[PDB]
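Take a look at the structure below.
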Amino acid sequence: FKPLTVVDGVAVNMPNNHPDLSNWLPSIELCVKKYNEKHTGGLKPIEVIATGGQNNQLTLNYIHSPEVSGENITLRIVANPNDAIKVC
Amino acid sequence: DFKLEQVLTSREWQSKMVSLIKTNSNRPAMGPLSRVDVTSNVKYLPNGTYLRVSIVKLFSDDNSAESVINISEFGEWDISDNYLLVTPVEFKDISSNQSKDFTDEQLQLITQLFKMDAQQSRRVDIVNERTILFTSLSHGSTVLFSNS
């Protein structure tokens with residue numbers, strides 16, 4: 001994978017050769033931070049992998065350390081980027 | 001080259017996805033849908049067959065699931081380089097609705113849309129020893145994890 005951004009010291013990555021996700025960033029920053037409030041220490045993600053963008057749909061996959069990777073989850077936002085900030 | 005096959009077949013795989021929909025104002029043939037929780041379990045057998053069961057909960061305003069769909073699946077699977085090529089053979093849906101928010105036709109549509117995403121081929125990325133990521137051509141993705 002390749003980096004997109006970092007939020008609360010969690011690396012937000014995206015696939016190699018992925019489209020431009022920079023138009024989502026404020027929504028990504030917010031949805032990572034609002035997730036961290038429930039997930040401290042050992043529950044905190046070691047990365048988030050973003051995908052989507054095309055067709056007004058963003059996907060964030062939360063990766064926890066492999067000791068507790070049963071907490072791994074996909075959050076999908078079905079909102080245009082202007083709406084997406086209000087969803088989180 | 002079957003490295004990827006050893007990973008998929010060695011384990012049963014599980015996932016959760018929450019879909020949050022504030023573009024709900026753009027589709028009333030889905031109805032008052034605000035949120036969707038999907039929990040899934042899948043095994044890929046060395047046969048070249050898989051089986052999958054998914055629990056879909058639909059939410060309106062209630063932090064209560066207005067409607068639950070159980071979708072059970074069976075099919076063929078194959079690999080080509082990093083791509084997992086699925087081929088569904090049967091999709092069974094059984095529904096439960098404890099609410100007047102959702103109509104039969106809206107649950108049927110949402111069942112058809114989960115059937116449309118289940119049919120698609122997906123790039124497999126190994127995230128760690130317990131974790132894989134599936135990515136579709138439409139750039140949608142899901143993270144799967146395994147217990148033991």
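Ordering of the structure tokens sets the chain letters (A, B, ...); residue numbers start at 1 within each chain; ligands are numbered from 1 in the order shown.
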
Identify, on the basis of only C-alpha atoms, every residue whose closest approach to region 61-67 of chain A does not exceed 6 Å; exclude the query and any residue fewer than 4 positions from it along the same chain; express the result as an MDAnalysis selection string.
chainID A and resid 45:49 72:74

Can you tell me, as JSON, numbers by chain, what residues are no more than 12 Å from residue 1 (chain A) when counting only C-alpha atoms, ignoring any on the same chain fewer than 6 positions away?
{"A": [11, 12, 13, 14, 15, 16, 17, 18, 47, 48, 49, 50, 51], "B": [125, 126, 127, 133]}

Report the distance between CA of residue 131 (chain B) and CA of residue 115 (chain B) in Å, rounded to one decimal place.
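CA of residue 131 (chain B) sits 23.8 Å away from CA of residue 115 (chain B).
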
Counting only C-alpha atoms, a student should be able to say which residues of chain B come within 6 Å of chain A; what is the right answer, written as a PDB file with N, CA and C atoms, in the first residue's frame?
```pdb
ATOM      1  N   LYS B  16     -17.150  -7.732   9.495  1.00  0.00           N
ATOM      2  CA  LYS B  16     -18.300  -6.830   9.708  1.00  0.00           C
ATOM      3  C   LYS B  16     -18.113  -5.629   8.810  1.00  0.00           C
ATOM      4  N   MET B  17     -19.222  -5.151   8.280  1.00  0.00           N
ATOM      5  CA  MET B  17     -19.274  -3.879   7.560  1.00  0.00           C
ATOM      6  C   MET B  17     -20.449  -3.062   8.085  1.00  0.00           C
ATOM      7  N   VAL B  18     -20.213  -1.794   8.414  1.00  0.00           N
ATOM      8  CA  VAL B  18     -21.310  -0.826   8.612  1.00  0.00           C
ATOM      9  C   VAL B  18     -21.325   0.129   7.443  1.00  0.00           C
ATOM     10  N   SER B  19     -22.471   0.267   6.778  1.00  0.00           N
ATOM     11  CA  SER B  19     -22.675   1.278   5.726  1.00  0.00           C
ATOM     12  C   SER B  19     -23.565   2.378   6.276  1.00  0.00           C
ATOM     13  N   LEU B  20     -23.086   3.624   6.228  1.00  0.00           N
ATOM     14  CA  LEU B  20     -23.838   4.791   6.733  1.00  0.00           C
ATOM     15  C   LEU B  20     -24.264   5.650   5.558  1.00  0.00           C
ATOM     16  N   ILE B  21     -25.554   5.932   5.425  1.00  0.00           N
ATOM     17  CA  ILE B  21     -26.158   6.433   4.162  1.00  0.00           C
ATOM     18  C   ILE B  21     -26.882   7.755   4.463  1.00  0.00           C
ATOM     19  N   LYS B  22     -26.234   8.916   4.269  1.00  0.00           N
ATOM     20  CA  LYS B  22     -26.880  10.253   4.390  1.00  0.00           C
ATOM     21  C   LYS B  22     -27.237  10.771   2.992  1.00  0.00           C
ATOM     22  N   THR B  23     -27.023   9.958   1.951  1.00  0.00           N
ATOM     23  CA  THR B  23     -27.575  10.170   0.585  1.00  0.00           C
ATOM     24  C   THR B  23     -28.920   9.425   0.489  1.00  0.00           C
ATOM     25  N   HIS B 139     -13.711  -0.198  -6.902  1.00  0.00           N
ATOM     26  CA  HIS B 139     -12.887   0.300  -5.768  1.00  0.00           C
ATOM     27  C   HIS B 139     -13.505   0.118  -4.377  1.00  0.00           C
ATOM     28  N   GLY B 140     -14.660  -0.522  -4.235  1.00  0.00           N
ATOM     29  CA  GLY B 140     -15.206  -0.891  -2.920  1.00  0.00           C
ATOM     30  C   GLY B 140     -14.394  -2.000  -2.282  1.00  0.00           C
ATOM     31  N   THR B 142     -13.537  -4.647   1.480  1.00  0.00           N
ATOM     32  CA  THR B 142     -13.950  -5.309   2.725  1.00  0.00           C
ATOM     33  C   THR B 142     -12.716  -5.909   3.370  1.00  0.00           C
TER      34      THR B 142
END
```

Taking the DSSP assignment computed from this structure's backbone, write out as a PyMOL selection string all residues of region 2-37 of chain A that belong to strand (DSSP E).
chain A and resi 2-7+10-14

Please produce an output containing N, CA, C and O atoms for each residue in the selection, written as a PDB file, in the first residue's frame.
```
ATOM      1  N   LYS A   2       0.274   2.444  -0.280  1.00  0.00           N
ATOM      2  CA  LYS A   2       0.934   3.784  -0.226  1.00  0.00           C
ATOM      3  C   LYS A   2       0.211   4.721   0.748  1.00  0.00           C
ATOM      4  O   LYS A   2      -0.989   4.581   0.970  1.00  0.00           O
ATOM      5  N   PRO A   3       0.906   5.675   1.405  1.00  0.00           N
ATOM      6  CA  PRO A   3       0.267   6.565   2.368  1.00  0.00           C
ATOM      7  C   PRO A   3      -0.666   7.575   1.711  1.00  0.00           C
ATOM      8  O   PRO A   3      -0.389   8.086   0.639  1.00  0.00           O
ATOM      9  N   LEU A   4      -1.759   7.859   2.401  1.00  0.00           N
ATOM     10  CA  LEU A   4      -2.612   9.026   2.111  1.00  0.00           C
ATOM     11  C   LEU A   4      -2.324  10.098   3.158  1.00  0.00           C
ATOM     12  O   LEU A   4      -1.961  11.217   2.803  1.00  0.00           O
ATOM     13  N   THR A   5      -2.482   9.767   4.432  1.00  0.00           N
ATOM     14  CA  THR A   5      -2.399  10.740   5.531  1.00  0.00           C
ATOM     15  C   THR A   5      -2.136  10.038   6.860  1.00  0.00           C
ATOM     16  O   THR A   5      -2.070   8.817   6.909  1.00  0.00           O
ATOM     17  N   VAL A   6      -1.950  10.805   7.925  1.00  0.00           N
ATOM     18  CA  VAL A   6      -1.823  10.274   9.303  1.00  0.00           C
ATOM     19  C   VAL A   6      -2.766  11.069  10.204  1.00  0.00           C
ATOM     20  O   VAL A   6      -2.798  12.289  10.096  1.00  0.00           O
ATOM     21  N   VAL A   7      -3.487  10.388  11.077  1.00  0.00           N
ATOM     22  CA  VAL A   7      -4.482  10.997  12.002  1.00  0.00           C
ATOM     23  C   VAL A   7      -4.343  10.310  13.351  1.00  0.00           C
ATOM     24  O   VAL A   7      -4.300   9.072  13.376  1.00  0.00           O
ATOM     25  N   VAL A  10      -2.184   7.203  13.654  1.00  0.00           N
ATOM     26  CA  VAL A  10      -2.608   6.029  12.855  1.00  0.00           C
ATOM     27  C   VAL A  10      -2.351   6.351  11.391  1.00  0.00           C
ATOM     28  O   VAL A  10      -2.848   7.370  10.888  1.00  0.00           O
ATOM     29  N   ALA A  11      -1.601   5.501  10.698  1.00  0.00           N
ATOM     30  CA  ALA A  11      -1.327   5.678   9.261  1.00  0.00           C
ATOM     31  C   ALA A  11      -2.590   5.372   8.463  1.00  0.00           C
ATOM     32  O   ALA A  11      -3.101   4.255   8.535  1.00  0.00           O
ATOM     33  N   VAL A  12      -3.076   6.331   7.688  1.00  0.00           N
ATOM     34  CA  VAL A  12      -4.160   6.111   6.715  1.00  0.00           C
ATOM     35  C   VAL A  12      -3.514   5.904   5.363  1.00  0.00           C
ATOM     36  O   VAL A  12      -2.964   6.826   4.764  1.00  0.00           O
ATOM     37  N   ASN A  13      -3.603   4.683   4.891  1.00  0.00           N
ATOM     38  CA  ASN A  13      -3.044   4.245   3.610  1.00  0.00           C
ATOM     39  C   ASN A  13      -4.146   4.143   2.561  1.00  0.00           C
ATOM     40  O   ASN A  13      -5.340   4.177   2.879  1.00  0.00           O
ATOM     41  N   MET A  14      -3.727   3.955   1.326  1.00  0.00           N
ATOM     42  CA  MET A  14      -4.609   3.674   0.176  1.00  0.00           C
ATOM     43  C   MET A  14      -3.840   2.777  -0.790  1.00  0.00           C
ATOM     44  O   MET A  14      -2.614   2.673  -0.706  1.00  0.00           O
TER      45      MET A  14
END
```

As a compact mmCIF listing (two decimals) with C-alpha atoms, in the first residue's frame, which residues of chain B does DSSP assign to helix (DSSP H, G or I)?
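Contents of part_35.txt, freshly written:
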```
# COMPACT_ATOMS: atom_id res chain seq x y z
CA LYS B 3 0.49 -19.15 -2.00
CA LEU B 4 -2.76 -17.19 -2.16
CA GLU B 5 -4.79 -20.43 -2.27
CA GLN B 6 -3.06 -21.72 0.91
CA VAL B 7 -4.13 -18.49 2.71
CA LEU B 8 -7.81 -18.55 1.58
CA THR B 9 -8.26 -22.31 2.16
CA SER B 10 -6.27 -22.63 5.46
CA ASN B 24 -30.86 8.44 1.79
CA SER B 25 -32.55 11.63 0.35
CA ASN B 26 -31.61 10.27 -3.18
CA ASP B 104 -41.19 -6.09 0.79
CA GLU B 105 -40.02 -4.39 -2.43
CA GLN B 106 -37.34 -2.35 -0.59
CA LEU B 107 -35.94 -5.45 1.18
CA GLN B 108 -36.01 -7.27 -2.16
CA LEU B 109 -34.09 -4.39 -3.81
CA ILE B 110 -31.49 -4.35 -0.98
CA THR B 111 -31.18 -8.16 -1.35
CA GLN B 112 -30.56 -7.68 -5.11
CA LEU B 113 -27.88 -5.04 -4.37
CA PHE B 114 -26.03 -7.32 -1.86
CA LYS B 115 -26.38 -10.08 -4.54
CA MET B 116 -24.75 -7.65 -7.08
CA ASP B 117 -21.72 -7.03 -4.75
CA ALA B 118 -21.35 -10.76 -3.81
```
